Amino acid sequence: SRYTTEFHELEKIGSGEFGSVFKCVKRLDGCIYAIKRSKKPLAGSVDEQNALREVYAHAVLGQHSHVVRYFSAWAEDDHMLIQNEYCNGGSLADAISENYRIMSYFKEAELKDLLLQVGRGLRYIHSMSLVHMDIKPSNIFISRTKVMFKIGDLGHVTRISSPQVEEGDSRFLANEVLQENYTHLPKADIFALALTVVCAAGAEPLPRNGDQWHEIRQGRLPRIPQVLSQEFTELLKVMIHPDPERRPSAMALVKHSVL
């Protein structure tokens, strides 16, 4: 077993239907990695393409400061394994939970930094003719040393020129994707990112469906309890515009003075 021989498990850091994720030391270099171990996907199943595309996405994207770095992927004993960098801050979902626990919140300066950093990650992914298609807090990872946000969980990644859309989290999904219009997919990542930042800013849990879900897709920004500058508010708002073409690209996004 490569997993057993090459790596020492330190802590279970994730669990789900796929399998489990462990914080591990690689014995050879002594460094810490996040290693996901998943069962074999069933024949002709969505979980199949998902796990397959994760590795391809990592392969194309390779090393970038705002994308979770891939180190290797292999299979043995009827499981798939992928070895990625370990982000010691967990995900943005974990960070938001910690804020809830201590009743703290991300200030505007921190929200701008989150938006700019993940924005730079998207700009890179989009420049390689790919889209992420599952941006949300739980897929944004955090490295502290101060803080670096890195786009992770690349299982929904697809090409803009031959789009294969697996329906993502309904809470973050732009209306035109639901309508099976895949002609503006990078703008779907932009929509999702805005709502990710809105979650980080202290908004109530986003709706999965219903009237509140539609209000957002009509371009109405969810309520944010803390005071934010008008220019920052207006940027988040145009990022969720009903017309994808009115949403800024990632390139246009990161070139906002406000950030």
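Residue indices: 1-based, along the sequence shown. In this text, rigid core is short for the largest set of C-alphas that superpose within 1.5 Å between two forms.
When the other structures are laid on the shown form by the core, the C-alphas of 218-226 and 48-56 differ in how far they drift in 9 other deposited structures of this protein; the larger average drift belongs to 48-56. Larger average C-alpha displacement in 9 other deposited structures of this protein, relative to the shown form after a rigid core fit, is seen for 97-105 when comparing 97-105 with 172-180. Judged by the one-third criterion across other entries of this protein, residue 145, though modelled here, is missing from at least a third of those that model both its neighbours. According to the record, the deposited sequence contains 10 or more residues between residue 145 and residue 146 that were left without coordinates.
For the segment pair 131-139 and 69-77, the entry gives 69-77 the higher mean B-factor, averaged over Cα atoms. Averaged over CA atoms, B-factors in the entry run higher in 174-182 than in the other of 174-182 and 90-98. Listed residues 229, 45, 196, 63 were ranked by CA B-factor as deposited; 45 comes out on top. Taking the PDB entry at face value, the top CA B factor among 224, 32, 206, 51 belongs to 51. When all modelled residues of the chain are sorted by CA temperature factor, residue 12 is found within the middle third. In the PDB entry, residue 103 places in the highest third of its chain by CA B-factor. For residue 57, the recorded CA temperature factor ranks within the highest third of the chain's modelled residues. Among the modelled residues of its chain, residue 200 has a C-alpha B-factor that falls in the lowest third, as given in the PDB entry. Among all modelled residues in this chain, the alpha-carbon of residue 23 has a temperature factor (C-alpha) in the lowest third.
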